[PDB]
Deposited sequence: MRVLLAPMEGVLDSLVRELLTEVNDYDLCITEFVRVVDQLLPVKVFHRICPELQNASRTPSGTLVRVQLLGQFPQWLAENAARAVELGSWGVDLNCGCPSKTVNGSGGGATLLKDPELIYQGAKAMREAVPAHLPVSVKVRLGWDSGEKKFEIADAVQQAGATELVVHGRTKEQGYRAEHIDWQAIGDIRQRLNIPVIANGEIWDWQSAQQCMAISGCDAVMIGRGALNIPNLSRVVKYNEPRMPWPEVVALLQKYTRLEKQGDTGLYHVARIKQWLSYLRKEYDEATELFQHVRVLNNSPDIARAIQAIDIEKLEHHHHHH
């Protein structure tokens, strides 16, 4: 089984990647997107989004990270893809879900990137089922394969369905997988060991990507792969303590907000820390127990 850590712009950055990968077995993390328009972005932008590039594309604990690009113009997707790779990125990812209601644009963008990235390095594309309909989710999928992309992440909802749980369609992901000859990584609504098993049995995918769930349960990759139990609240606290010592984070409150769905003890700690960065002391104060 492969488990990928999703890109979560405004939630996951290099610090949380280093934190999480330490206590997980993610096969690969995708960075938050590098926004591409019509310019080659400076080296400094890539290093800042992806500090791992200077560590052979790995978090300190050794988990691979891949730079993601977001954009439309194939020429510039290609030049930025080449630069990502020159700087050390283990392949490059293309965001087509945060998007493109034209399979031709996905085809051209991914192709330019494939040709611009050294053939032995992966070029992956992340998509949704469709814009306002999942009709010809095959067109999109065909586009990606025909472009020469290495693998396809499919978020099992259309753009309009947003993040509504009742709209997740793992079977659609399966129909795409049956049709293609590159790996399909199932994404969306994977929260625990059982939902992962349900997803893979229905889609037939042996690879999944987890986003929001990876914050609700900090060791979700090990939960999914090994049916490890969820990380114990004292360990979560110990982890949030380590987070404070990694150095300005208001993402801490955001994380605690995520943790409220799974850990009862998080709702009180959320209220405490909600309402200056003395929050560091408050968190660092707690004795583990309990």
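Q. What gaps appear when the modelled C-alpha atoms are mapped onto the deposited sequence?
A. Seq positions lacking coordinates: 99 to 111, 261 to 268, 297 to 299, 315 to 322.
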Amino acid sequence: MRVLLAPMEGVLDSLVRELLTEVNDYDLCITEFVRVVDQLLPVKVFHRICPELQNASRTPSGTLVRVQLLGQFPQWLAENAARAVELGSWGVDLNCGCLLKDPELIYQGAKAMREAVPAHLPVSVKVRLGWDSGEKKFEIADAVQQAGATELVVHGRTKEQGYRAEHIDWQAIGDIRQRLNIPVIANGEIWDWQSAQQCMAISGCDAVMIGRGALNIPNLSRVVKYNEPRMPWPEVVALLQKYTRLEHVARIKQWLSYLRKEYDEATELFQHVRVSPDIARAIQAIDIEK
From here on, numbers count along this sequence of modelled residues.
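Q: Could you settle it for me: does 42 to 50 or 258 to 266 have the higher average Cα B factor in the PDB entry?
A: Result of the comparison: 258 to 266.
Q: Tell me which of 134 to 142 and 67 to 75 has the higher mean C-alpha B-factor in the deposited entry.
A: Of 67 to 75 and 134 to 142, the stretch with the higher C-alpha B-factor average is 134 to 142.
(Q) If I read the C-alpha B-factors straight from the PDB entry, which of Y243, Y226, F33, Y26 is highest? (A) In this record, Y243 carries the highest C-alpha B-factor of the candidates.
Q. Of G88, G204, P183, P103, which one's C-alpha B factor is largest in the deposited record?
A. In this record, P103 carries the highest C-alpha B-factor of the candidates.
**Q.** Chain-relative CA temperature factor third for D192
**A.** Ranked within chain, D192 CA B lands in the middle tercile.
Q: Going by the recorded CA B-factors, say which third of the chain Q108 sits in, lowest, middle or highest.
A: Middle third, going by the recorded CA B-factors of the chain.
**Q.** Ranked against its chain, the third holding the CA B-factor of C96
**A.** Answer is highest: the recorded C-alpha B-factor places it there.
Q. Comparing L12 with the other modelled residues of its chain, is its CA B-factor in the lowest, middle or highest third?
A. Lowest third.
Q. Hey, what third does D169 fall into on Cα B-factor, ranked over its chain?
A. Middle third of the chain for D169's C-alpha B-factor.
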